[PDB]
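Working notes, beginning with the structure itself.
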Amino acid sequence: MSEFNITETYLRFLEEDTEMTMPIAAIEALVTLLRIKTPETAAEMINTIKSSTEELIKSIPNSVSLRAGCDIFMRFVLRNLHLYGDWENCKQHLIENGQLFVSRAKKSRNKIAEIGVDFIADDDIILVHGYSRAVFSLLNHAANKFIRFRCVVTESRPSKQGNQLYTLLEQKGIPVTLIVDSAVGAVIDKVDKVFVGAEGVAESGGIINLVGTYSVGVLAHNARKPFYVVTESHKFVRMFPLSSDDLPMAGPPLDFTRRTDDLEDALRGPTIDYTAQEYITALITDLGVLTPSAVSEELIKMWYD
Amino acid sequence: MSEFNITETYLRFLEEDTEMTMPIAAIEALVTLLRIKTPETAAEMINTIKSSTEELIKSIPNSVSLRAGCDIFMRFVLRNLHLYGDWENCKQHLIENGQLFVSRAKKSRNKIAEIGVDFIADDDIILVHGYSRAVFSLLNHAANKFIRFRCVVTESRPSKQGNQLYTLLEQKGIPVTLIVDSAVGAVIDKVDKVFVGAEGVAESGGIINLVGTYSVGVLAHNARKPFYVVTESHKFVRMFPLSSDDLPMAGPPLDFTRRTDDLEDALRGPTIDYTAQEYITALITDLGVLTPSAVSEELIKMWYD
Amino acid sequence: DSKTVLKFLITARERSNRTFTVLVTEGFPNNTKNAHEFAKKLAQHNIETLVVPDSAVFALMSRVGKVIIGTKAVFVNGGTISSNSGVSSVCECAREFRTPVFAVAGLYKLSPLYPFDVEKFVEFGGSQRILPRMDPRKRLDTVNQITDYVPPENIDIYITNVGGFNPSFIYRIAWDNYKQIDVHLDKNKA
Amino acid sequence: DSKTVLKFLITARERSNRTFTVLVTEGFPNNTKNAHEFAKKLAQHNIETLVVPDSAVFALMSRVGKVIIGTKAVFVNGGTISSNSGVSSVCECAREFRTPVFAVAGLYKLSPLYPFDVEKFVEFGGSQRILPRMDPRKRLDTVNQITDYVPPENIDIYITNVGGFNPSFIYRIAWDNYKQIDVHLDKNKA
């Protein structure tokens with residue numbers, strides 16, 4: 001009898017497929033929590049799932065996609081707790097709704113492409129940043145559409161993700177180079193469109209993914225090239241920062257301590273930046289193309305009370 | 001009897017000291033060319049040194065500091081060819097001027113510090129980019145002045161230079177971190193002053209050094225932090241580009257070829273960018289503090305005819 | 001060539017007594033049969049008007065405090081599709097001088113679509129009336145344009161009949177008058 | 001508080017007949033004994049003048065087409081050191097509205113120095129005349145400023161008695177009237 005906390009349920013099926021990502025894995029674990037542990041009373045169910053979400057955030061704090069999944073699960077159990085079935089059917093009604101995310105959010109990524117293929121037009125040199133697999137889910141259907149384009153992939157120092165794209169869509173058959181991440185300003189005068197992928201959307205439209213998407217965003221603004229971001233609808237999160245600095249990793253982004261003998265010195269600054277709403281200009285979700293004030297309204301309506 | 005071309009004179013004394021840089025090594029080689037090979041006629045002397053400068057550029061083309069040294073040597077032999085000594089004394093007069101650069105340009109780097117220490121004021125977090133040793137020649141005398149500051153060193157992908165500073169002034173005893181090069185935009189809101197070092201100055205004031213000094217410059221402009229550059233007076237070069245793209249390395253900055261089996265994929269974009277005159281705001285040479293329109297006049301007067 | 005700006009700039013002098021003047025450029029060779037008619041209709045109600053040509057609008061851009069756009073259709077970005085020409089550049093000179101940009105628009109001019117590729121929503125016209133030589137064999141190629149797009153960044157406010165709205169608040173009026181279903185208005189659901 | 005702007009704004013009406021008006025802010029609590037005298041001297045030669053306070057200059061910044069600075073000293077950047085106060089922020093509101101910024105300056109006001117640390121060239125004054133309570137024991141700390149620096153980016157042109165010059169062309173006038181030697185004017189050559 002599993003306890004669903006850390007790895008007795010969650011981290012097992014992350015090794016089943018390296019295509020499922022973190023937040024829908026969190027959705028799958030949280031629905032299979034109360035799919036079995038349903039002790040016929042509406043009180044301790046919500047206590048169990050709130051305890052489970054807080055210990056799962058307590059497992060890995062610096063992967064804020066997890067917070068997005070573990071909080072839209074609370075929105076799911078709140079709205080499915082609504083319609084007021086007196087808990088007599090909801091013990092069966094909520095769990096038969098249940099797996100509609102793993103039948104729904106799993107097949108959201110081609111629904112992204114079905115509305116985002118009509119962005120990359122003919123002969124567009126494209127800049128992507130980091131292994132954001134929804135961007136590749138758009139680009140796969142774009143190359144299957146037989147449309148002519150070129151791609152440029154940045155480095156993802158120190159998180160290594162930029163080396164994956166050049167070994168991902170090269171074998172699909174797209175002419176692609178791998179620029180280094182510092183060389184954006186000398187090339188973004190030539191890049192037609194730039195895509196990124198978020199690990200979170202704030203309450204105004206923000207990109208909380210990686211090391212330097214604020215840098216490539218402010219390069220996109222002072223080259224006046226359109227800065228799109230491909231995401232999907234399990235990436236909304238309540239966390240609305242105000243600076244370019246989020247929750248810390250373990251200390252401040254500006255360390256000034258002493259290296260003892262030979263410890264690592266690359267990851268000493270920040271690793272997850274923030275982008276304001278001005279630098280993004282259109283984001284892609286399951287809900288269509290979505291201007292950032294629309295994503296602000298969409299995350300302002302389902303989070304108030 | 002040496003021939004002074006490639007390595008029979010030049011590359012030998014580069015292994016004598018890893019403190020001398022490329023252009024004053026070029027100055028030393030070009031003065032020791034005609035310090036010995038002076039066949040008592042003003043005709044073939046200039047043919048010899050022009051042939052030597054062009055074959056030395058032909059040796060390594062992508063190290064434009066070499067072009068700066070090999071062209072200010074031509075300015076030296078032109079102005080020392082002026083004052084019109086009828087070549088009777090100039091066979092001795094020019095060569096006894098001669099080594100005044102290796103008595104002058106070698107000791108220019110502390111003359112940089114004697115006028116640039118009064119920039120880094122009390123409690124200034126400093127951003128440097130790349131192993132520009134004139135910046136460390138300023139910072140050494142700054143830390144010897146017992147003034148209180150902090151430093152932040154970027155990566156220098158792919159040219160590795162950012163790892164050298166953290167193993168250079170740490171052992172001098174300065175609190176310093178090593179930021180990754182993509183994380184500039186999330187930290188440059190906090191950095192007080194930012195220094196770089198040039199591998200060349202164009203005819204309007206430009207930074208032709210490294211991969212991404214245009215990126216850190218345009219981050220400095222949209223954070224409205226002052227963007228200084230420490231250099232010295234053997235770094236003037238005639239090469240005045242107009243784009244953000246210089247002479248090529250071997251092909252264009254946007255390759256789209258095919259990797260054959262497992263060849264290197266990092267250095268596929270550009271490696272030497274360009275900065276316009278707007279983003280720099282003050283540069284430091286032997287000639288004092290120098291606004292970029294003053295460096296434009298100084299490189300406009302000694303290069304016309 | 002918009003009846004909205006014409007009726008508004010007449011009724012701003014007819015009922016209210018706010019005196020001003022209106023620079024007007026011609027969209028040669030399209031609004032040059034309309035901008036002069038526009039100046040004639042404003043000189044009949046004699047509001048101090050004057051016609052600038054297209055090339056002489058940057059010199060007079062520093063003097064002018066405000067532009068106004070009578071558009072044709074406006075999308076969910078607020079990136080509108082205008083009349084004949086001019087507005088893709090003079091609104092840019094307005095944005096660069098930090099000059100405010102108005103846009104009056106009827107509510108029927110909305111569209112719940114998106115500018116996917118911006119040239120596909122732009123009507124390039126014919127090359128007859130920009131050089132009447134009709135070069136036979138030398139045949140210097142040329143380009144006309146009867147539709148200028150503005151982005152939402154260059155534009156400042158939308159004056160509609162249901163109130164004033166931001167360019168970043170045009171989506172919600174559309175979803176107050178349209179649905180999610182009829183934007184891909186096609187039976188062949190691909 | 002500059003006799004240069006006062007004589008120029010009198011002689012612009014006395015000989016030439018260019019009529020205009022001049023908004024003027026007070027640098028409280030320093031130019032408030034001078035800005036009212038400035039308005040009195042301009043109302044004696046009756047050029048349509050009006051006094052704004054400091055806080056009400058951003059609202060009237062959109063109306064005004066030009067500012068002008070009577071400075072005290074100007075460096076080799078063109079980053080000048082002004083009179084009493086106000087100009088570090090109102091020139092910034094001029095730059096952000098793309099409003100041109102003048103700077104009249106005598107040639108003796110030059111300096112071949114450099115603003116090494118900008119606070120050291122700025123004269124912070126006394127805390128007496130900004131709150132006359134003289135708080136004994138509660139003692140809320142406070143800051144006064146009698147010198148506002150502008151950078152050369154915020155400023156546009158220099159009107160001197162030897163012609164008009166860019167802010168990026170102030171070095172060469174200095175080296176036309178100074179040398180390399182007397183900038184570190186000190187016997188103890190360190």
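By convention in this document, the chains of the structure tokens carry letters A, B, ... by their order, each chain's residues are numbered from 1, and ligands are numbered from 1 in the order they are shown.
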Item to check | Who sits within 12 Å of segment 32-42 of chain D, only C-alpha atoms, same chain under 4 positions skipped, as a PyMOL selection string | outcome: chain D and resi 1-3+5-14+20-28+46-54+83-86+129-130
Next on the checklist: I want to know what sits within 8 Å of residue 95 of chain B, based on only C-alpha atoms, with residues of the same chain fewer than 4 positions away left out; could you give that as a PyMOL selection string?
Outcome noted: chain B and resi 31+34-35+90-91+99
Checklist entry - Taking only C-alpha atoms into account, what are the residues of chain B at most 8 Å from chain A, put as a VMD selection string? => result chain B and resid 156 to 158 175 to 187 211 to 212 214 to 215 218 to 219 244 to 245 253 to 258 265 to 271 273 to 274
Would you mind exporting the chosen residues as a short mmCIF file (atom, residue, chain, number, x, y, z; two decimals), in the first residue's frame, restricted to N, CA and C atoms?
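What ended up in out_5.cif:
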```cif
data_model
loop_
_atom_site.label_atom_id
_atom_site.label_comp_id
_atom_site.auth_asym_id
_atom_site.auth_seq_id
_atom_site.Cartn_x
_atom_site.Cartn_y
_atom_site.Cartn_z
N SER B 156 33.07 33.30 -20.33
CA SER B 156 33.57 33.77 -21.61
C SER B 156 33.44 32.67 -22.64
N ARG B 157 32.25 32.09 -22.73
CA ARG B 157 32.02 31.00 -23.66
C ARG B 157 32.13 31.48 -25.11
N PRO B 158 32.83 30.75 -25.98
CA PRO B 158 33.54 29.50 -25.68
C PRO B 158 35.02 29.68 -25.35
N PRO B 175 36.51 39.65 -2.46
CA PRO B 175 35.27 38.86 -2.56
C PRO B 175 34.69 38.92 -3.96
N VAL B 176 34.69 37.77 -4.63
CA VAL B 176 34.32 37.69 -6.03
C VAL B 176 33.52 36.42 -6.27
N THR B 177 32.50 36.53 -7.10
CA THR B 177 31.73 35.40 -7.58
C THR B 177 31.94 35.25 -9.07
N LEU B 178 31.53 34.11 -9.60
CA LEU B 178 31.60 33.86 -11.04
C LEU B 178 30.18 33.61 -11.52
N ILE B 179 29.58 34.64 -12.08
CA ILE B 179 28.28 34.50 -12.71
C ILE B 179 28.44 33.77 -14.05
N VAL B 180 27.39 33.09 -14.48
CA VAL B 180 27.36 32.56 -15.83
C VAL B 180 26.95 33.67 -16.79
N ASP B 181 27.43 33.57 -18.03
CA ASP B 181 27.34 34.68 -18.98
C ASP B 181 25.92 34.98 -19.43
N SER B 182 25.00 34.03 -19.29
CA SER B 182 23.63 34.29 -19.67
C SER B 182 22.84 34.98 -18.57
N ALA B 183 23.37 35.02 -17.35
CA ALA B 183 22.64 35.56 -16.21
C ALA B 183 22.88 37.04 -15.99
N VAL B 184 23.28 37.78 -17.03
CA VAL B 184 23.63 39.18 -16.85
C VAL B 184 22.38 40.01 -16.55
N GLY B 185 21.30 39.77 -17.28
CA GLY B 185 20.09 40.57 -17.17
C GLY B 185 19.38 40.49 -15.84
N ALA B 186 19.61 39.42 -15.08
CA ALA B 186 19.01 39.28 -13.76
C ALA B 186 19.89 39.83 -12.65
N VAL B 187 21.09 40.32 -12.97
CA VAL B 187 22.04 40.75 -11.96
C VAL B 187 22.47 42.19 -12.24
N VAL B 211 32.88 37.51 -27.46
CA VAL B 211 31.62 36.99 -27.99
C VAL B 211 30.47 37.95 -27.72
N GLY B 212 30.29 38.34 -26.46
CA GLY B 212 29.07 39.02 -26.12
C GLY B 212 29.19 40.33 -25.37
N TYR B 214 28.62 43.14 -26.83
CA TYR B 214 27.45 43.91 -27.26
C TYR B 214 26.23 43.56 -26.42
N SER B 215 26.11 42.30 -26.00
CA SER B 215 24.99 41.90 -25.17
C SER B 215 25.08 42.53 -23.79
N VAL B 218 24.31 46.34 -24.21
CA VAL B 218 22.91 46.70 -24.34
C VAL B 218 22.13 46.35 -23.08
N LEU B 219 22.63 45.42 -22.27
CA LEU B 219 22.08 45.26 -20.93
C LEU B 219 22.46 46.44 -20.03
N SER B 244 26.80 44.86 -36.59
CA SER B 244 27.36 44.15 -35.45
C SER B 244 28.20 42.96 -35.89
N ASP B 245 28.67 42.96 -37.14
CA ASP B 245 29.42 41.85 -37.70
C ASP B 245 30.69 42.37 -38.36
N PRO B 253 28.59 34.28 -39.61
CA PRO B 253 28.21 33.93 -38.23
C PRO B 253 27.01 33.02 -38.12
N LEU B 254 26.28 32.78 -39.21
CA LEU B 254 25.11 31.91 -39.21
C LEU B 254 25.39 30.75 -40.15
N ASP B 255 26.03 29.70 -39.63
CA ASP B 255 26.23 28.49 -40.40
C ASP B 255 24.95 27.67 -40.44
N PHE B 256 24.77 26.93 -41.53
CA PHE B 256 23.67 25.98 -41.61
C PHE B 256 24.10 24.69 -42.29
N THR B 257 25.36 24.31 -42.11
CA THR B 257 25.89 23.11 -42.74
C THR B 257 25.48 21.88 -41.95
N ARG B 258 26.07 20.74 -42.28
CA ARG B 258 25.77 19.48 -41.62
C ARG B 258 26.99 19.01 -40.85
N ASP B 265 30.25 21.59 -31.93
CA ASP B 265 29.03 22.32 -32.23
C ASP B 265 28.86 23.58 -31.39
N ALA B 266 29.77 23.86 -30.47
CA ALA B 266 29.64 25.07 -29.65
C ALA B 266 30.02 26.31 -30.45
N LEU B 267 31.25 26.35 -30.95
CA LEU B 267 31.71 27.47 -31.77
C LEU B 267 31.15 27.28 -33.17
N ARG B 268 29.89 27.67 -33.33
CA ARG B 268 29.25 27.72 -34.63
C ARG B 268 28.66 29.08 -34.95
N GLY B 269 28.40 29.92 -33.96
CA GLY B 269 28.04 31.29 -34.19
C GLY B 269 29.28 32.15 -34.18
N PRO B 270 29.11 33.47 -34.08
CA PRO B 270 30.27 34.37 -34.08
C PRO B 270 31.05 34.26 -32.78
N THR B 271 32.24 34.85 -32.79
CA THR B 271 33.09 34.87 -31.61
C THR B 271 33.65 36.24 -31.28
N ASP B 273 32.21 40.16 -31.45
CA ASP B 273 31.10 41.02 -31.80
C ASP B 273 31.58 42.46 -32.00
N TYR B 274 30.65 43.40 -32.05
CA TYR B 274 30.98 44.81 -32.14
C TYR B 274 29.98 45.60 -31.32
#
```
Next on the checklist: Taking only C-alpha atoms into account and nothing else, which residues of chain C lie no more than 10 Å away from chain D? Please answer as a list in words.
Outcome noted: residues 62, 63, 65, 96, 97, 98 and 99 of chain C
Next on the checklist: Env of segment 294-302 of chain A: 7 Å cut, atoms = only C-alpha atoms, seq-sep filter 6 positions within chain, self excluded. Answer as a list in words.
Outcome noted: residues 203, 204 and 205 of chain A
Item to check | Contact set, chain B to chain D: 7 Å, only C-alpha atoms, as a PyMOL selection string | outcome: chain B and resi 118-119+121+291+293
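The interatomic distance for the pair atom CA of residue 282 of chain A and atom CA of residue 228 of chain A works out to 5.2 Å.
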Segment 18-126 of chain C residues near segment 142-145 of chain C within 6 Å, closest pair each, using only C-alpha atoms, as a Markdown table:
```
| residue | atom | partner | partner_atom | distance |
| --- | --- | --- | --- | --- |
| C:124 | CA | C:145 | CA | 4.4 |
| C:125 | CA | C:145 | CA | 5.5 |
| C:126 | CA | C:144 | CA | 6.0 |
```
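Across the structure, atom CA of residue 112 of chain C and atom CA of residue 304 of chain A are spaced 26.7 Å apart.
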What parts of segment 118-278 of chain A does DSSP call strand (DSSP E)? I'd like the answer as an mmCIF file with N, CA and C atoms, in the first residue's frame.
```
data_model
loop_
_atom_site.group_PDB
_atom_site.id
_atom_site.type_symbol
_atom_site.label_atom_id
_atom_site.label_comp_id
_atom_site.auth_asym_id
_atom_site.auth_seq_id
_atom_site.Cartn_x
_atom_site.Cartn_y
_atom_site.Cartn_z
ATOM 1 N N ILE A 125 14.148 32.422 -39.758
ATOM 2 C CA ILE A 125 15.199 31.952 -38.870
ATOM 3 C C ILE A 125 14.724 32.115 -37.432
ATOM 4 N N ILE A 126 14.778 31.027 -36.672
ATOM 5 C CA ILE A 126 14.104 30.927 -35.386
ATOM 6 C C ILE A 126 15.142 30.749 -34.289
ATOM 7 N N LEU A 127 14.959 31.466 -33.183
ATOM 8 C CA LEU A 127 15.814 31.351 -32.012
ATOM 9 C C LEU A 127 15.003 30.713 -30.893
ATOM 10 N N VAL A 128 15.473 29.574 -30.388
ATOM 11 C CA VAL A 128 14.867 28.945 -29.225
ATOM 12 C C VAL A 128 15.897 28.933 -28.107
ATOM 13 N N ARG A 150 14.498 27.873 -40.710
ATOM 14 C CA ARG A 150 15.799 27.557 -40.138
ATOM 15 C C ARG A 150 15.745 27.869 -38.651
ATOM 16 N N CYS A 151 16.544 27.150 -37.866
ATOM 17 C CA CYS A 151 16.520 27.287 -36.417
ATOM 18 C C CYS A 151 17.914 27.560 -35.881
ATOM 19 N N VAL A 152 17.969 28.329 -34.797
ATOM 20 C CA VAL A 152 19.201 28.618 -34.073
ATOM 21 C C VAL A 152 18.936 28.331 -32.603
ATOM 22 N N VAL A 153 19.797 27.533 -31.979
ATOM 23 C CA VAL A 153 19.596 27.085 -30.607
ATOM 24 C C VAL A 153 20.702 27.653 -29.731
ATOM 25 N N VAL A 176 20.063 23.581 -38.760
ATOM 26 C CA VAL A 176 20.117 24.197 -37.444
ATOM 27 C C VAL A 176 21.572 24.345 -37.025
ATOM 28 N N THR A 177 21.876 25.470 -36.395
ATOM 29 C CA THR A 177 23.161 25.723 -35.774
ATOM 30 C C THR A 177 22.971 25.828 -34.272
ATOM 31 N N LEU A 178 24.078 25.787 -33.549
ATOM 32 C CA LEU A 178 24.051 25.950 -32.102
ATOM 33 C C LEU A 178 24.911 27.161 -31.775
ATOM 34 N N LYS A 193 12.190 35.526 -35.776
ATOM 35 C CA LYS A 193 11.317 35.317 -34.635
ATOM 36 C C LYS A 193 12.052 34.510 -33.579
ATOM 37 N N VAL A 194 11.725 34.762 -32.317
ATOM 38 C CA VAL A 194 12.362 34.074 -31.204
ATOM 39 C C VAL A 194 11.298 33.441 -30.311
ATOM 40 N N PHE A 195 11.443 32.141 -30.064
ATOM 41 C CA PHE A 195 10.565 31.371 -29.199
ATOM 42 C C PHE A 195 11.308 31.001 -27.926
ATOM 43 N N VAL A 196 10.597 30.974 -26.806
ATOM 44 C CA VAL A 196 11.088 30.354 -25.588
ATOM 45 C C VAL A 196 9.977 29.484 -25.023
ATOM 46 N N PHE A 227 8.750 38.385 -29.650
ATOM 47 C CA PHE A 227 9.210 37.454 -28.622
ATOM 48 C C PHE A 227 8.023 36.617 -28.169
ATOM 49 N N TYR A 228 7.855 35.460 -28.788
ATOM 50 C CA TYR A 228 6.762 34.561 -28.463
ATOM 51 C C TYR A 228 7.238 33.537 -27.445
ATOM 52 N N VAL A 229 6.286 32.929 -26.742
ATOM 53 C CA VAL A 229 6.608 31.848 -25.817
ATOM 54 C C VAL A 229 5.564 30.741 -25.937
ATOM 55 N N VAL A 230 6.027 29.532 -26.235
ATOM 56 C CA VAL A 230 5.174 28.359 -26.345
ATOM 57 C C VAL A 230 5.104 27.698 -24.981
#
```
